[PDB]
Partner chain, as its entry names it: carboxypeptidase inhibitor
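One chain comes next, on its own, written as structure tokens: the form deposited without the partner chain.
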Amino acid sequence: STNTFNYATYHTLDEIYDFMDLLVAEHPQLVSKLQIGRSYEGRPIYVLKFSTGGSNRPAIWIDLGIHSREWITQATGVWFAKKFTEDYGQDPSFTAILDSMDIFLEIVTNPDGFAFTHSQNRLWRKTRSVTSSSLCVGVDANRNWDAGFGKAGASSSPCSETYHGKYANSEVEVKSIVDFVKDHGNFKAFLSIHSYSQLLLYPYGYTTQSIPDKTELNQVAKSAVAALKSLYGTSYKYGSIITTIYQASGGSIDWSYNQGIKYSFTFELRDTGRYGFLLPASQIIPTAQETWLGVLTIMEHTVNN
């Protein structure tokens, strides 16, 4: 049961996939599992849909683990999934959100790379797509989106960790999300989870031009970092991607924002470099707890209060 599943340790790809089947079996009144595509190697790509009814209700997209090595993200996603099922009908605020909006959660956005971090390279970041012309494998899925694709902030060299691929959406793991979100057409928030650095970022990453909704998103971001900090005092910096980290092209939130999805944010979770990607399992639950308060604040702003 999801009640005996250990949320305080890291899991394999199959354990997480089995957890998904368990959650759907236990809470059919709220969650269902969708296969939106298959990875380069043929692994199914799954999205959990949380909904209380309706026809094409406004939605919130949340993806985790696009960069496979960022294990704290998939772990936070599993906990989030459990959280949603416990809080509905309990937390008055979250209850109002699910009563008028659907939440789409993608725990393992890059399954091939995730399997690879467990079998061969713990620090693997990219997908596992093969390019016959190179001995190097993979494309950085967060440089593959049609948002300033091929511009500064990504590399054209296949061996680079930030290789953008041959063309925008070349990676099936990316195309499957683009297609799904576009066909859906009613997403109001697009949240992508990463690690590490402790930053809450909004568009743009590919250009220094300010998004027209700059002042609003910056206020929402300030509110979200305040709420997250309240719990354990964890401090986050926030701002546009280009001014807060560096210029980065072909990123997902830049693409989602240009698709009319206003509340597009990227979270860079714990820590700031002590452990980096190898965050100890003892910090899983705490990280998941604080990030939740931050995420919820953004959602309340999308239902509009």
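Positions refer to the first chain, counted from 1.
Coordinates for residue 132 are absent from at least a third of the other compared entries of this protein that model residues on both sides of it. Of the two segments, 50 to 58 and 63 to 71, the one listed with the higher mean B-factor is 50 to 58 (C-alpha atoms only). The PDB entry records a higher mean C-alpha B factor for 89 to 97 than for its counterpart among 113 to 121 and 89 to 97. When the Cα B-factors of 172, 191, 231, 107 are read from the PDB record, 231 comes out highest. Of all the options 156, 127, 210, 76, the entry's greatest CA B-factor is assigned to 210. For residue 143, the recorded CA B-factor ranks within the lowest third of the chain. Only modelled residues enter the ranking. Ranked by Cα temperature factor within the chain, residue 180 sits in the middle third according to the deposited record. Compared with the other modelled residues of the chain, the Cα B-factor recorded for residue 30 ranks in the highest third. Residue-level temperature factors show residue 270 in the lowest third of its chain, judged at the C-alpha atom.
Residue 186: CA B factor in the lowest third of modelled residues in this chain (values from the PDB entry).
What comes next is about the form deposited with the partner chain bound, which is not displayed.
Of the stretches 169 to 177, 182 to 190, 98 to 106, 116 to 124, only 116 to 124 has residues with a heavy atom within 4.5 Å of the partner chain in the deposited bound form. In the deposited bound form, no residue of the candidate spot (147, 218 and 257) has a heavy atom lying within 4.5 Å of the partner chain. Contact annotation for residue 32: none of its heavy atoms lies within 4.5 Å of the partner chain in the deposited bound form. Using a 4.5 Å cutoff between non-hydrogen atoms, residue 245 counts as a contact of the partner chain in the deposited bound form. Of the heavy atoms in residue 262, none are within 4.5 Å of the partner chain in the deposited bound form. Using a 4.5 angstroms limit between non-hydrogen atoms, residue 94 is distant from the partner chain in the deposited bound form. Although the partner chain is not shown here, in the deposited bound form the stretch 274 to 295 places heavy atoms of 277, 278 within 4.5 Å of it, in sequence order.
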